[PDB]
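Peer 1: Input: one structure, supplied below.
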Amino acid sequence: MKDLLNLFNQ
Amino acid sequence: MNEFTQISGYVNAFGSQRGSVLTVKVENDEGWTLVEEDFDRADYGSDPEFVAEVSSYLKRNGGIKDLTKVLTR
């Protein structure tokens with residue numbers, strides 16, 4: 001949800 | 001609206017949690033979308049598992065580099 005690809009690269 | 005973006009260092013990999021369930025997309029060197037697999041973070045628990053579980057399957061489809069360059073060992 002709020003994570004998405006943005007969690008990966010962090 | 002959950003968009004896909006290259007997984008940090010993975011030259012041709014995508015990962016985005018479509019709501020409460022997880023969606024993975026893998027491209028080829030030529031950028032051709034090969035695989036779209038789905039995972040659920042509810043089984044895992046947290047954010048790291050969300051990314052870390054995706055890499056596990058996706059890498060064999062053409063995902064090769066790193067999502068979190070901090071040497072997870």
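Chains: A, B, ... in order of the structure tokens. Residues: from 1 per chain. Ligands: from 1, in order shown.
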Based on only C-alpha atoms, which of the residues in chain A come within 7 Å of chain B? I want them as a list in words.
Peer 2: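 Every residue meeting the condition is included here: residues 1, 3, 4, 5, 7, 8 and 9 of chain A.
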Peer 1: Rounded to one decimal place, report the CA of residue 40 (chain B)-CA of residue 56 (chain B) distance in Å.
Peer 2: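 Going from CA of residue 40 (chain B) over to CA of residue 56 (chain B) covers 13.8 Å.
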Peer 1: So which bits of chain A end up alpha helix (DSSP H) when you DSSP the backbone, as JSON, numbers by chain?
Peer 2: {"A": [5, 6, 7, 8, 9]}
Peer 1: What does the distance between CA of residue 33 (chain B) and CA of residue 6 (chain A) come to in Å, to one decimal place?
Peer 2: 20.1 Å
Peer 1: Find the distance between CA of residue 59 (chain B) and CA of residue 38 (chain B) and write it in Å to one decimal.
Peer 2: 14.4 Å
Peer 1: Nearest to residue 34 (chain B): which of B:70, B:64, B:11, B:58 is it, counting only C-alpha atoms?
Peer 2: B:58
